[PDB]
Amino acid sequence: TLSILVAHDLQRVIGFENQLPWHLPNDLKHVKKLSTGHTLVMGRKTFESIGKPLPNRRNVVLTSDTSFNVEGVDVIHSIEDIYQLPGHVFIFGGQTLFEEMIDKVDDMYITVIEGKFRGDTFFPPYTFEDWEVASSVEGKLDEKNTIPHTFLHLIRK
Ligand SMILES: NC(=O)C1=CN([C@@H]2O[C@H](COP(=O)(O)OP(=O)(O)OC[C@H]3O[C@@H](n4cnc5c(N)ncnc54)[C@H](OP(=O)(O)O)[C@@H]3O)[C@@H](O)[C@H]2O)C=CC1
Ligand SMILES: COc1cc(-c2cc(C)cc(C)c2)cc([C@@H](C)C#Cc2c(C)nc(N)nc2N)c1
């Protein structure tokens, strides 16, 4: 299984200056619930913006840098290498990897942040014409999580 995993706002912003534009503890909980024991694939800039591998899953970084080595992180050098990875693989980031991967994934897991943020990095455009809503669950607003967000699981038609 090859899925996308992504949080994006109303205009499809996903990043700003190496950050998530927003602070949403619920979404980070959802990510580690979904991907624990699985594989996260990410471009070099996504990885460099986090800074360490994420515990209790495989962290695969895609780069053309042959010197690139980080403890706890496997390295691949072509989009093609992705398809040789055993298990449930989630495309995790970023703009440029989603651009490469969106036409190929079986499956998309999207948190829609119902806000409009300043951003520099975007998720690709997509129509529900091609994707069917497996599920749509509103996140709960509270003290810590103060932006409306919706979990969508979209499956290619
Ligand atoms: N809110 C969210 O859900 C998420 C936010 N983000 C954001 O994304 C931002 C990064 O922007 P973006 O440019 O998209 O970066 P990416 O994370 O997609 O990394 C891009 C790099 O990945 C490598 N790469 C991509 N495709 C290939 C390929 N086909 N062959 C070899 N190497 C490849 C290259 O690395 P190299 O140049 O070293 O050769 C490329 O420069 C981050 O700052 C982060 O905030 C990302 C994902 C999710
Ligand atoms: C800039 O700093 C970053 C930190 C993290 C991060 C760090 C830790 C310690 C834990 C977790 C769960 C995420 C992730 C990212 C980027 C790569 C992301 C993401 C992403 C999100 C947040 N939500 C959904 N749904 N999908 C996604 N692909 C950037």
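Residues numbered from 1 in each chain as written, not as in the entry; some residues may be left out. Chains lettered and ligands numbered in written order. Heavy atoms only, no water.

### Considering the site of ligand 1
Point 1. The full set close to ligand 1 counts 24 residues, and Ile14, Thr46, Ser64, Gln95 and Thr96 are the nearest of them.
Point 2. Here a nitrogen atom of ligand 1 sits 2.7 Å away from a polar atom, N or O, in the main chain of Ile14.
Point 3. In isolation ligand 1 exposes 940 Å². Once the protein is present, 82% of that is buried.
Point 4. Those elements giving two or more residues to the shell around ligand 1 turn out to be β1 (2–9), α2 (44–50), β6 (89–93) and α3 (95–101).
Point 5. Tallied by class, residues from the shell around ligand 1 come to eight nonpolar, 13 polar and three charged. (Near = heavy atom within 4 Å. Polar contact = N/O pair within 3.5 Å; in protein donor to acceptor, adjacent residues only side chain to side chain. Areas by Shrake-Rupley, 256 points an atom, 1.4 Å probe, with all protein chains shown as cover. Helix = DSSP H or I, 4+ residues; strand = E, 2+ residues; numbered from the N terminus. Nonpolar A, V, L, I, M, F, W, Y, C, P; charged D, E, K, R; others polar.)

### Structural notes on the site of ligand 2
Point 1. Close contacts around ligand 2 come from 16 residues, with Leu5, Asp27, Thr46, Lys52 and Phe92 the closest.
Point 2. Interatomic distance of 3.0 Å between a backbone N/O atom of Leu5 and a nitrogen atom of ligand 2.
Point 3. Contact distances for ligand 2 include 2.6 Å between a nitrogen atom and a side-chain N or O atom of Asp27.
Point 4. Coverage of ligand 2 by the protein chains reaches 81% of its 640 Å² of free accessible surface.
Point 5. Among the secondary structure elements, those contributing two or more residues to the shell around ligand 2 are β1, α1 (25–35) and α2.

### Focus on the pattern of salt bridges
Point 1. Applying the stated rule across the entire model yields one salt bridge.
Point 2. Residue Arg58 is joined to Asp74 by a salt bridge in which the shortest nitrogen-to-oxygen separation is 2.5 Å. Placement of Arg58 in strand β4 (residues 58–62) and of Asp74 in strand β5 (residues 73–76) is noted, with a sequence separation of 16 residues between them.
Point 3. Assessed through its relative accessible area of 31%, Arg58 is described here as partly exposed. (Salt bridge = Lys/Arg side-chain N within 4 Å of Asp/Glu carboxyl O. Buried < 20%, exposed > 50% of the residue type's maximum accessible area, 1.4 Å probe, protein only.)

### Some thoughts on unusual backbone geometry
Point 1. Residues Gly93 and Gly94 are joined by a peptide bond in cis, for which omega reads 10°.
Point 2. Mapped onto the secondary structure, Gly94 falls in the loop between β6 and α3.
Point 3. Positive phi values are uncommon outside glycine, yet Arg12 reaches one of about 65°.
Point 4. Along the chain, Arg12 turns up in the loop between β1 and β2 (13–15).

### Looking at the nonpolar core
Point 1. Counting 25 residues, the largest nonpolar core has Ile4, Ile82, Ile91 and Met108 as its most contacted members.
Point 2. Among the elements of the structure, β1, β4, β6, α3, β7 (107–113) and β10 (149–156) are those that each provide at least two residues to this core.
Point 3. Not counting residues up to four positions away in its chain, the partners in contact with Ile82 are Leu2, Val41, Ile76, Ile91, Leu97 and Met101.
Point 4. Counting 12 residues, the second-largest nonpolar core is a separate cluster that includes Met42, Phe47, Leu54 and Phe68. (Core = buried A, V, L, I, M, F, W, Y, C linked by side-chain atoms within 4.5 Å. Contact = heavy atoms within 4.5 Å.)

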